[PDB]
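So you can see what is in the structure, the chains are spelled out below.
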Amino acid sequence: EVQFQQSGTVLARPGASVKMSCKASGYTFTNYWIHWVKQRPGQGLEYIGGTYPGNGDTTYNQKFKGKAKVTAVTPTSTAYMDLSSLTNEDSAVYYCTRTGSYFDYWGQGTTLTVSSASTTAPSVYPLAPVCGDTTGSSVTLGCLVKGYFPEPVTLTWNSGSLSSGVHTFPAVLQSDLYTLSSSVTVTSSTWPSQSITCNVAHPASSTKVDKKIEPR
Amino acid sequence: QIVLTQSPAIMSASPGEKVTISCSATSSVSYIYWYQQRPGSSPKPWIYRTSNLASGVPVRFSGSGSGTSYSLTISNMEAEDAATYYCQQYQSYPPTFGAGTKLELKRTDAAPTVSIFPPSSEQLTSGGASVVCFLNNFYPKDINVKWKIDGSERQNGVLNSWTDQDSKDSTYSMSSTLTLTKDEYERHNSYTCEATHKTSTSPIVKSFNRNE
Amino acid sequence: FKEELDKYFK
């Protein structure tokens, strides 16, 4: 199967540059145009530019000329985009995509944040019902992850072994810090007699936290 | 670059219902292309050169049109069709996309399951106090959440976040966090999460009393 | 169709 593996979430400072990569597999890399497409939060898609790795031909949406530079390395089947003079308008998801006679295969996206905010580790707070009481055969617990920057944090329950009944909400930014939460619903004869722990990783601050949810 | 306008911006459709969405261009184009984007994932080709189905696309989908006016049709809506659809043109350079039609699955109404949570002892030791309310698995998405402290609404310091339609039951869920100082939190007794939703004539309420 | 689109990007 054709597949594009894109580099991970990245934070860059205003005025700096950033390089994003896209590792291709499943087809003859040299024989197809490979492109980059931008999608900002809640908006449509915008074409940037692309390259034909067979001979190095490269063309751009004129808006991004001198802003974006696309290159491809055929021995490693990898395409790159370099963005310079970064501003807030560059924060977005960037997709690499192949064309045959249409955009037939897409990478999973790379999220770029442009910001001068300070990297900050999360505080992790357990959410449990008041007094440990319940109202029926199910009980909902939660985990509040507050005050961190940049994205992402990953949150799992019991190291991923507890996966059904989970709602993990998108992070909300306020005053340069993110707040995230997650709820988990289990049977009332499950907790507290069995252990439930929220696991939080924030790689930007080199932090992992396990918080066990205790009654009352 | 050619502007493509999609209509409607948002719509919901019941299982089995026929769905038609539109793409309108400022200039004539020889073909239109359609892409599907499911919440949280990359776009995928859906229809190429106006009417050909991309790999894996089920037969209930079709496309047609010409000139400045194109459409994508679903003969009978299924839950897995809920997604954002984009049209796209190569008539001129650069390629451009429409802004999207978001298609939602209309299921039957469901009230939120509401859970309220006091500030943790850990957060209090740092001088802050967040009260959290989860409103889980409701439909439709139209909901209003209010925080009341000792019966007075509190409007500042409220952060809300939502998930898109659940892959299994097509409902929405929402989280609301009200953040106070510890001193503020300790001067009041009653904390209430109040939700207004079409499934109830009265507000849907959960409450607790500090140290009680 | 691929050749046509390739020329368009070129």
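About the thresholds
- All residue numbers given refer to positions from 1 along each chain's written sequence rather than to the entry's numbering, and residues for which no coordinates exist are omitted.
- Numbering of ligands from 1 and lettering of chains from A proceed in the order in which they are written.
- The side-chain numbers reported here are obtained from all heavy atoms of the structure, hydrogens and water having been left aside.
- Residues with missing side-chain atoms are left out of burial classes, side-chain pairs and their counts.
- Each domain span listed reflects an automatic or database assignment of domains.
- Working rule for contacts: check all heavy atoms of both residues, and any pair within 4.5 Å makes them a contact.
- Buried area, as used here, totals the accessible surface that two parts lose on assembly, with accessibility defined by a 1.4 Å probe and the loss added over both.
- The rule for a salt bridge is simple: a side-chain nitrogen of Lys or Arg has to be within 4 Å of a carboxyl oxygen of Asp or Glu.
- Definition of a polar contact: a pair of N or O atoms within 3.5 Å, with one able to donate and the other able to accept a hydrogen when the atoms are protein atoms, and with sequence-neighbouring residues admitted only if both atoms are side-chain atoms.
- Counting from the N terminus, the helices are DSSP H or I runs at least four residues long and the strands are E runs at least two residues long.
- As a working rule, the residues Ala, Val, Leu, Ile, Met, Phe, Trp, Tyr, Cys and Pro are called nonpolar, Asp, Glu, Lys and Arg charged, and the rest polar, with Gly in that last group.
- Each residue is placed in one exposure class: buried if its accessible area under a 1.4 Å probe, protein chains only, is under 20% of its type's maximum, exposed if it is over 50%, and partly exposed if it falls in between.
- Only buried residues count toward a nonpolar core. Its members are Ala, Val, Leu, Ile, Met, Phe, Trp, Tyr and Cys residues joined through side-chain atoms within 4.5 Å.
- Here, any two strands with at least 2 DSSP bridges between them count as paired.
- Note on geometry: axes are lines fitted to C-alpha atoms, helical ones only across the stretch in contact, with angles between N-to-C directions running from 0 to 180 degrees.

Peer 1: Lay out the domain arrangement of chain B in plain terms, naming residues and giving numbers.
Peer 2: Residue and element names in this part refer to chain B. According to the domain assignment, chain B consists of domain 1 (4–105) and domain 2 (113–209). If you average the C-alpha positions of domain 1 and of domain 2, the two centres end up 37 Å apart. Domain 1 puts eight residues into the contact, and the matching count from domain 2 is six residues. Between domain 1 and domain 2, the buried area comes to about 490 Å², and carbon and sulfur atoms account for 34% of it. If you look at where domain 1 meets domain 2, you find two salt bridges. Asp 164 serves as the salt-bridge partner of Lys 102, at 3.2 Å between the closest nitrogen and oxygen. Where domain 1 packs against domain 2, one counts four residue pairs in polar contact. Of all the elements, strand β11 (residues 101–105) adds the most residues to the side of domain 1 that touches domain 2, at three residues. Looking at side-chain class alone, the side of domain 1 that touches domain 2 contains five nonpolar, one polar and two charged residues.

Peer 1: Which residues make up the interface of chain C and chain B, and what values go with them?
Peer 2: The partner chain B presents seven residues to the four residues of chain C that form the contact. Buried surface at the junction of chain C and chain B, both sides included, amounts to about 510 Å², of which 69% is carbon and sulfur. The largest contributions to the chain C side of the interface with chain B come from C:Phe1, C:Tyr8 and C:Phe9, which together make up 84% of the buried area. Linking chain C to chain B there are zero salt bridges. Across the chain C-chain B interface, the total number found is one residue pair in polar contact. In the side of chain C that touches chain B, the residues fall into four nonpolar, no polar and no charged.

Peer 1: Could you give an account of the domain arrangement of chain A, with specific residues and numbers?
Peer 2: By the assigned domains, chain A splits into domain 1 (3–114) and domain 2 (123–213). Its C-alpha centre places domain 1 of chain A at a distance of 34 Å from the equivalent point of domain 2 of chain A.

Peer 1: Which residues make up the pattern of salt bridges, and what are the values?
Peer 2: When their charged atoms lie close together, side chains carrying opposite charge are able to pair. Residues and elements named next belong to chain B. Tallied over the entire structure, the rule returns 15 salt bridges over all chains. The partner of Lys 182 in a salt bridge is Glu 186, and the shortest N-O contact between them spans 2.9 Å. A residue pair is termed a helical-turn pair when its members lie 3 or 4 positions apart in one helix, as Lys 182 and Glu 186 do in helix α2 (residues 182–186) at four residues. Judged by relative accessible area, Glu 186 falls into the partly exposed class, the value being 35%. The closest approach of N and O atoms between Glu 186 and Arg 210, which form a salt bridge, is 3.9 Å. Of this pair, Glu 186 sits in helix α2 while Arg 210 sits in the segment after β19 (204–209), and the two are 24 residues apart along the sequence.

Peer 1: Explain the nonpolar core to me, using residue names and the numbers behind them.
Peer 2: Residues B:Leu72 and B:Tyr85 are the most contacted members of the largest nonpolar core, which totals 26 residues. Secondary-structure elements contributing two or more residues to this core are β2 (10–13), β3 (19–25), β5 (44–48), β8 (69–74), β9 (83–89) and β11 of chain B. If you tally residues by element for this core, the top one is β3(B), at four residues. Not counting chain neighbours up to four residues away, the residues in contact with B:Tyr85 comprise B:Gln6, B:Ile21, B:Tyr35, B:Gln36, B:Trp46, B:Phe61, B:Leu72, B:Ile74, B:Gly100, B:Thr101 and B:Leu103. Counting residues in hydrophobic clusters, the runner-up holds 25 residues, among them A:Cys22, A:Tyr27, A:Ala68 and A:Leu86.

Peer 1: Break down the environment of B:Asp169 for me, citing the residues and quoting the values.
Peer 2: All names here are of chain B. Relative to the elements of secondary structure, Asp 169 occurs in the loop between β16 (158–163) and β17 (172–181). Sequence separation between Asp 169 and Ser 121 is 48 residues, and the spatial gap between their C-alpha atoms is 35 Å. Residues within four places of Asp 169 in sequence aside, it is in contact with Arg 107 and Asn 137. Within polar-contact distance, the side chain of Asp 169 engages the side chain of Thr 171 at 2.8 Å.

Peer 1: Give a description of the sheet that holds β3(B) that names residues and reports values.
Peer 2: All names here are of chain B. Pairing within the open sheet is antiparallel, and its four strands lie in the order β1-β3-β8-β7. The outermost strands of the open sheet, each flanked by one partner alone, are β1 (4–7) and β7 (61–66). On average, adjacent strands in this sheet sit at an angle of 20° to one another, irrespective of strand direction. Note: β7 against β8, six bridges, orientation antiparallel. Bridge pairing in β8 places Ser 62 opposite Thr 73.

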